[PDB]
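As provided, run-v4.pdb (PDB, C-alpha atoms) reads as follows.
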ATOM      1  CA  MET Q   1       0.255 -32.561  14.832  1.00  0.00           C
ATOM      2  CA  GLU Q   2      -0.560 -35.300  12.287  1.00  0.00           C
ATOM      3  CA  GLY Q   3       0.884 -36.384   8.922  1.00  0.00           C
ATOM      4  CA  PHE Q   4       2.438 -39.182   6.841  1.00  0.00           C
ATOM      5  CA  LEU Q   5       5.740 -40.775   7.869  1.00  0.00           C
ATOM      6  CA  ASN Q   6       7.912 -43.715   6.736  1.00  0.00           C
ATOM      7  CA  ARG Q   7       8.139 -46.251   9.595  1.00  0.00           C
ATOM      8  CA  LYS Q   8      10.695 -49.064   9.978  1.00  0.00           C
ATOM      9  CA  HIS Q   9      10.494 -51.391  12.999  1.00  0.00           C
ATOM     10  CA  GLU Q  10      13.968 -52.038  14.471  1.00  0.00           C
ATOM     11  CA  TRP Q  11      12.497 -54.100  17.308  1.00  0.00           C
ATOM     12  CA  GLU Q  12       8.811 -55.090  17.410  1.00  0.00           C
ATOM     13  CA  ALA Q  13       8.246 -58.804  18.282  1.00  0.00           C
ATOM     14  CA  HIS Q  14      10.522 -59.764  21.257  1.00  0.00           C
ATOM     15  CA  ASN Q  15      13.240 -61.371  19.013  1.00  0.00           C
ATOM     16  CA  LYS Q  16      16.702 -59.668  18.638  1.00  0.00           C
ATOM     17  CA  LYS Q  17      15.625 -57.080  16.017  1.00  0.00           C
ATOM     18  CA  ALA Q  18      12.041 -58.020  15.055  1.00  0.00           C
ATOM     19  CA  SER Q  19      10.956 -60.647  12.482  1.00  0.00           C
ATOM     20  CA  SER Q  20      10.496 -58.068   9.681  1.00  0.00           C
ATOM     21  CA  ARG Q  21      12.348 -54.940   8.510  1.00  0.00           C
ATOM     22  CA  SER Q  22       9.783 -53.292   6.219  1.00  0.00           C
ATOM     23  CA  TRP Q  23       9.574 -49.566   5.428  1.00  0.00           C
ATOM     24  CA  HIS Q  24       5.850 -48.913   5.903  1.00  0.00           C
ATOM     25  CA  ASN Q  25       4.282 -45.579   4.873  1.00  0.00           C
ATOM     26  CA  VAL Q  26       1.850 -44.894   7.756  1.00  0.00           C
ATOM     27  CA  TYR Q  27      -0.107 -41.869   9.046  1.00  0.00           C
ATOM     28  CA  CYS Q  28       1.116 -40.735  12.491  1.00  0.00           C
ATOM     29  CA  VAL Q  29      -1.226 -38.804  14.828  1.00  0.00           C
ATOM     30  CA  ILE Q  30       0.327 -37.297  17.992  1.00  0.00           C
ATOM     31  CA  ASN Q  31      -1.608 -37.373  21.294  1.00  0.00           C
ATOM     32  CA  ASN Q  32      -0.916 -36.622  25.013  1.00  0.00           C
ATOM     33  CA  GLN Q  33       2.012 -39.052  25.639  1.00  0.00           C
ATOM     34  CA  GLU Q  34       0.567 -41.287  22.881  1.00  0.00           C
ATOM     35  CA  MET Q  35       0.719 -41.718  19.103  1.00  0.00           C
ATOM     36  CA  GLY Q  36      -1.803 -43.227  16.666  1.00  0.00           C
ATOM     37  CA  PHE Q  37      -0.827 -45.234  13.562  1.00  0.00           C
ATOM     38  CA  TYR Q  38      -3.555 -45.001  10.878  1.00  0.00           C
ATOM     39  CA  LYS Q  39      -3.878 -45.297   7.074  1.00  0.00           C
ATOM     40  CA  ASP Q  40      -4.431 -41.552   6.473  1.00  0.00           C
ATOM     41  CA  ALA Q  41      -6.117 -38.384   7.838  1.00  0.00           C
ATOM     42  CA  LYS Q  42      -9.582 -39.874   7.129  1.00  0.00           C
ATOM     43  CA  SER Q  43      -8.666 -43.251   8.713  1.00  0.00           C
ATOM     44  CA  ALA Q  44      -7.376 -41.379  11.809  1.00  0.00           C
ATOM     45  CA  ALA Q  45     -10.553 -39.237  11.974  1.00  0.00           C
ATOM     46  CA  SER Q  46     -13.007 -42.178  11.779  1.00  0.00           C
ATOM     47  CA  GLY Q  47     -10.797 -44.436  13.952  1.00  0.00           C
ATOM     48  CA  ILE Q  48     -10.067 -47.405  11.664  1.00  0.00           C
ATOM     49  CA  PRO Q  49      -7.531 -50.003  12.988  1.00  0.00           C
ATOM     50  CA  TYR Q  50      -4.824 -49.966  10.268  1.00  0.00           C
ATOM     51  CA  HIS Q  51      -2.698 -52.357  12.392  1.00  0.00           C
ATOM     52  CA  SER Q  52      -2.807 -54.413  15.625  1.00  0.00           C
ATOM     53  CA  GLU Q  53      -1.529 -51.792  18.098  1.00  0.00           C
ATOM     54  CA  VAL Q  54      -3.077 -48.489  16.932  1.00  0.00           C
ATOM     55  CA  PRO Q  55      -2.713 -46.269  20.098  1.00  0.00           C
ATOM     56  CA  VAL Q  56       0.955 -46.556  21.146  1.00  0.00           C
ATOM     57  CA  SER Q  57       2.497 -44.757  24.159  1.00  0.00           C
ATOM     58  CA  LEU Q  58       4.789 -41.765  23.548  1.00  0.00           C
ATOM     59  CA  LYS Q  59       5.597 -41.351  27.265  1.00  0.00           C
ATOM     60  CA  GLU Q  60       9.294 -40.471  27.840  1.00  0.00           C
ATOM     61  CA  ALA Q  61      10.236 -41.026  24.172  1.00  0.00           C
ATOM     62  CA  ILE Q  62      13.923 -40.858  23.202  1.00  0.00           C
ATOM     63  CA  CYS Q  63      14.759 -39.457  19.754  1.00  0.00           C
ATOM     64  CA  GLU Q  64      18.010 -39.456  17.742  1.00  0.00           C
ATOM     65  CA  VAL Q  65      18.785 -38.048  14.265  1.00  0.00           C
ATOM     66  CA  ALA Q  66      19.813 -40.190  11.255  1.00  0.00           C
ATOM     67  CA  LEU Q  67      20.799 -37.654   8.538  1.00  0.00           C
ATOM     68  CA  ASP Q  68      22.411 -40.455   6.467  1.00  0.00           C
ATOM     69  CA  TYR Q  69      20.861 -43.902   6.925  1.00  0.00           C
ATOM     70  CA  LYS Q  70      22.183 -45.588   3.738  1.00  0.00           C
ATOM     71  CA  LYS Q  71      19.553 -44.702   1.079  1.00  0.00           C
ATOM     72  CA  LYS Q  72      17.398 -42.692   3.529  1.00  0.00           C
ATOM     73  CA  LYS Q  73      18.364 -39.043   4.180  1.00  0.00           C
ATOM     74  CA  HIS Q  74      16.089 -37.289   6.710  1.00  0.00           C
ATOM     75  CA  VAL Q  75      15.464 -40.109   9.204  1.00  0.00           C
ATOM     76  CA  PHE Q  76      15.239 -40.155  13.012  1.00  0.00           C
ATOM     77  CA  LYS Q  77      15.497 -43.044  15.489  1.00  0.00           C
ATOM     78  CA  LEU Q  78      12.547 -42.912  17.903  1.00  0.00           C
ATOM     79  CA  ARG Q  79      12.422 -45.262  20.911  1.00  0.00           C
ATOM     80  CA  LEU Q  80       9.306 -45.289  23.089  1.00  0.00           C
ATOM     81  CA  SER Q  81       9.401 -46.033  26.854  1.00  0.00           C
ATOM     82  CA  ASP Q  82       7.376 -49.136  25.914  1.00  0.00           C
ATOM     83  CA  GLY Q  83      10.352 -51.175  24.586  1.00  0.00           C
ATOM     84  CA  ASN Q  84       9.186 -50.538  20.965  1.00  0.00           C
ATOM     85  CA  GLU Q  85      11.922 -49.186  18.634  1.00  0.00           C
ATOM     86  CA  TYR Q  86      11.216 -47.533  15.217  1.00  0.00           C
ATOM     87  CA  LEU Q  87      12.974 -45.476  12.482  1.00  0.00           C
ATOM     88  CA  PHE Q  88      10.961 -42.528  11.103  1.00  0.00           C
ATOM     89  CA  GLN Q  89      11.799 -41.011   7.688  1.00  0.00           C
ATOM     90  CA  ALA Q  90      10.618 -37.461   6.917  1.00  0.00           C
ATOM     91  CA  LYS Q  91      10.451 -35.696   3.522  1.00  0.00           C
ATOM     92  CA  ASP Q  92      12.587 -32.692   4.589  1.00  0.00           C
ATOM     93  CA  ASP Q  93      14.679 -31.263   7.481  1.00  0.00           C
ATOM     94  CA  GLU Q  94      11.896 -28.777   8.376  1.00  0.00           C
ATOM     95  CA  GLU Q  95       9.452 -31.699   8.738  1.00  0.00           C
ATOM     96  CA  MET Q  96      11.965 -33.856  10.674  1.00  0.00           C
ATOM     97  CA  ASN Q  97      12.760 -30.967  13.057  1.00  0.00           C
ATOM     98  CA  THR Q  98       9.009 -30.285  13.578  1.00  0.00           C
ATOM     99  CA  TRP Q  99       8.357 -34.014  14.276  1.00  0.00           C
ATOM    100  CA  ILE Q 100      11.238 -34.327  16.790  1.00  0.00           C
ATOM    101  CA  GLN Q 101      10.284 -30.984  18.444  1.00  0.00           C
ATOM    102  CA  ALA Q 102       6.640 -32.129  18.830  1.00  0.00           C
ATOM    103  CA  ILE Q 103       7.725 -35.541  20.201  1.00  0.00           C
ATOM    104  CA  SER Q 104      10.195 -33.800  22.587  1.00  0.00           C
ATOM    105  CA  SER Q 105       7.236 -31.806  24.012  1.00  0.00           C
ATOM    106  CA  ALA Q 106       5.686 -35.063  25.337  1.00  0.00           C
TER
END

Translate the structure described by the file into structure tokens.
Amino acid sequence: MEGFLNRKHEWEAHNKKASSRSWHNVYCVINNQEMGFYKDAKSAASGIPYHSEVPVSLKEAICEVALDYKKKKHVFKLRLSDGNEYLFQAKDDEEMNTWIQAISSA
């Protein structure tokens, strides 16, 4: 269960709603109550640190759907039980549903 996803940090740096609000295209790799953020399938395979926190916890993750987030259509609000809050944009409903279903299995 790996693939590319658009990631927007709602809260990621203590302050009210983070210091940045960028829409970063990252490669998400699902793991047992964890998720890895890499550059691509090759970066995830070799284990290259694409960011600071690469192996994030997906333990007791809460997920909500955002079918109309301004200019973004198939988006979902994913909040980890680690304080971290992110918005994930998929390419289609089938992908979004598969992502949420996989995350819900953690």

For range 74-83 of chain Q, please output as a ChimeraX atom specification all residues within 7 Å (counting only C-alpha atoms; exclusion window: fewer than 6 positions along the same chain). /Q:57-67,89-93,96

For the contact check between range 34-79 of chain Q and range 1-25 of chain Q, emit one row per residue of range 34-79 of chain Q within 12 Å, containing the shortest atom pair and the distance in Å rounded to one decimal, counting only C-alpha atoms, chain then rising number order, as CSV.
residue,atom,partner,partner_atom,distance
Q:34,CA,Q:1,CA,11.9
Q:35,CA,Q:2,CA,9.4
Q:36,CA,Q:2,CA,9.1
Q:37,CA,Q:4,CA,9.6
Q:38,CA,Q:4,CA,9.3
Q:39,CA,Q:25,CA,8.5
Q:40,CA,Q:4,CA,7.3
Q:41,CA,Q:3,CA,7.4
Q:42,CA,Q:3,CA,11.2
Q:43,CA,Q:3,CA,11.8
Q:44,CA,Q:2,CA,9.1
Q:45,CA,Q:2,CA,10.7
Q:50,CA,Q:25,CA,11.5
Q:51,CA,Q:24,CA,11.3
Q:52,CA,Q:12,CA,11.8
Q:53,CA,Q:12,CA,10.9
Q:69,CA,Q:8,CA,11.8
Q:71,CA,Q:23,CA,11.9
Q:72,CA,Q:6,CA,10.1
Q:73,CA,Q:6,CA,11.7
Q:74,CA,Q:6,CA,10.4
Q:75,CA,Q:6,CA,8.7
Q:76,CA,Q:7,CA,10.0
Q:77,CA,Q:10,CA,9.2
Q:78,CA,Q:10,CA,9.9
Q:79,CA,Q:10,CA,9.5

How many Å separate CA of residue 48 in chain Q from CA of residue 94 in chain Q? 29.0 Å

Please, what distance in Å, to one decimal, runs between CA of residue 70 in chain Q and CA of residue 29 in chain Q?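 For CA of residue 70 in chain Q relative to CA of residue 29 in chain Q, the distance reads 26.8 Å.
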
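Of the listed residues Q:33, Q:28, Q:88, Q:46, the one whose atoms come nearest to residue 104 in chain Q is Q:33, with distances taken using all atoms listed in the file.
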